[PDB]
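Shown here is one chain on its own, the form deposited in one PDB entry, set out as C-alpha cells.
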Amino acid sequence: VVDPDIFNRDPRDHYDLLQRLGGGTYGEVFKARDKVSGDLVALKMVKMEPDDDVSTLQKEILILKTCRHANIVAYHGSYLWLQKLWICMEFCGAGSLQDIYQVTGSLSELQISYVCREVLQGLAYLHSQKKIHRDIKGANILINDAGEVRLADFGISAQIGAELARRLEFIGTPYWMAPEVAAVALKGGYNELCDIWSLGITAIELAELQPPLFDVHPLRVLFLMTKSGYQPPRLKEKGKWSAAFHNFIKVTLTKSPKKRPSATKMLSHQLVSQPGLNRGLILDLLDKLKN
C-alpha cells in the first residue's frame, strides 16, 4: 500500500477546491479551504491506478509525515479516493522564490542571507533525522504571505529512497562483493552534505537569476564536475557582494564532501548569523513584486 495512515475518503468532504497553483510545474496542485476552520491548504493530486508503482509515493509521504519543523512545509495527511491520491500540505501564498525573482529580479544580499539561514535551519533538522533533501533550489523554497521560508517537494528525495530500497531488495548474495560496492548499494555513494552544495548554488541563483553554467549542455556540466581539476563556481559580479557573501559561497561550494561544512556549522557563518535578518526583508521583496 502507499501509506498506512491514508484517509480513505473524498477530500472534497473536507475542502472546497479554489484554484490551481504552480502552473503545472509541481504537478496538479489545488488551493483549497478547510470547510470547518477556513484555513488554506495546498492539495497535490496524484493518480493511483491499481497496478501502478507506489514505492516512490510511499517514500514521499513517509518523509513528509515525519517532519515537524517550521522551515519544512507542514503535512496534514493524504486522501485516497477513486484511484486519486491527494496530499494535503501547508499553503505558501507567495509561491517559490523562482516565481518571485522571475518578476522582481535579483535579491538583495540581506534577503539572500535571511533565506539561506532559514533553509539551513530546515536542513539541520532534516540531517538530524538522517534525511537528505537532495533537490535544494529556488523552485523548492516556498514563501508564505508572512515572508516565512518553507522547504518543499521531497519528490527527488523519495525517488532516491525508492532506488535504495529496490537495489537493496535485489542485491543478491554479498559474500564476494567489495565493501564499497555494498556501501553504494545501502547508502547511495554520497551523504547529506550535497544539500550544502545545492544551497551554495541556490544562493548564486538568487543573486544572478540562473545557476552557474545554466547555458551549458547538462551532460557536459555533469562530465566537467568529474574531472580532477574541476573548479567550484563563483559569483559573477565581484564588487556587488560583500566578502562575507563571497566567503559563504566559497565554503558551501567546497569540492570535497569530506571538508564541506555541515548545516549546523554553516549557521555560525558571518553571512547568516548577522543581525537584522527577519521576515520583513522578504515582505519588502513581496512589496516590490506588488509595486
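Superpose the two forms; the largest set of C-alphas matching within 1.5 Å is the rigid core. Just count from 1 along the sequence shown to find any residue number. Shifts are known only where both forms have a C-alpha.
**Student:** If you take the mean CA temperature factor per stretch, which one wins between 5 to 13 and 276 to 284?
**Tutor:** The entry gives the higher C-alpha B-factor average to 5 to 13.
**Student:** Going by the mean C-alpha B-factor recorded in the entry, which is higher: 47 to 55 or 25 to 33?
**Tutor:** According to the entry, 47 to 55 carries the higher average C-alpha B-factor.
**Student:** Per the entry's Cα B factor values, which of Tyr125, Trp81, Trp197, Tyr114 stands out as the maximum?
**Tutor:** In the PDB entry, the greatest C-alpha B-factor among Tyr125, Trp81, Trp197, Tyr114 is found at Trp81.
**Student:** Splitting the chain's C-alpha B-factors into thirds, which one does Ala74 fall into?
**Tutor:** Middle third of the chain for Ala74's C-alpha B-factor.
**Student:** Sorting by Cα B-factor within the chain, modelled residues only, which third would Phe170 end up in: lowest, middle or highest?
**Tutor:** CA B-factor rank for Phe170: highest third.
**Student:** Splitting the chain's C-alpha B-factors into thirds, which one does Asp153 fall into?
**Tutor:** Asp153: CA B-factor falls in the middle third of its chain.
**Student:** Based on the entry's values, in what third of the chain does the Cα temperature factor of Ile143 lie: lowest, middle or highest?
**Tutor:** Tercile = lowest for this residue's CA B-factor.
**Student:** When the deposited Cα B-factors of this chain's modelled residues are ordered and cut into thirds, is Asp215 in the lowest, the middle or the highest one?
**Tutor:** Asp215: CA B-factor falls in the middle third of its chain.
Omitted from view is the form deposited in another entry, to which the following refers.
**Student:** Any idea which of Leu213, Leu110, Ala74, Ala182 has its C-alpha shifted 2 Å or more between the shown form and the other one with the rigid core fixed?
**Tutor:** If I go through the list carefully, the shifting residue is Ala182.
**Student:** Return yes or no for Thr25: a CA shift of at least 2 Å between the shown form and the other one, with the rigid core superposed?
**Tutor:** Yes, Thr25 moves 2 Å or more.
**Student:** Can you confirm the direction of the Cα distance change for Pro179 and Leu224 in the other entry, closer or farther than in this form, given it is 3 Å or more?
**Tutor:** It is closer: in the other entry, the C-alpha atoms of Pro179 and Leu224 lie at least 3 Å nearer than they do here.
**Student:** Looking in the other entry, are the Cα atoms of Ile282 and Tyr26 closer together or farther apart than here, the change being 3 Å or more?
**Tutor:** Those two alpha carbons end up farther apart in the other entry.
**Student:** Taking the rigid core as reference, which runs of at least three consecutive residues show Cα movement of 2 Å or more between the shown form and the other one?
**Tutor:** Runs shifting 2 Å or more: 22 to 27, 173 to 183.
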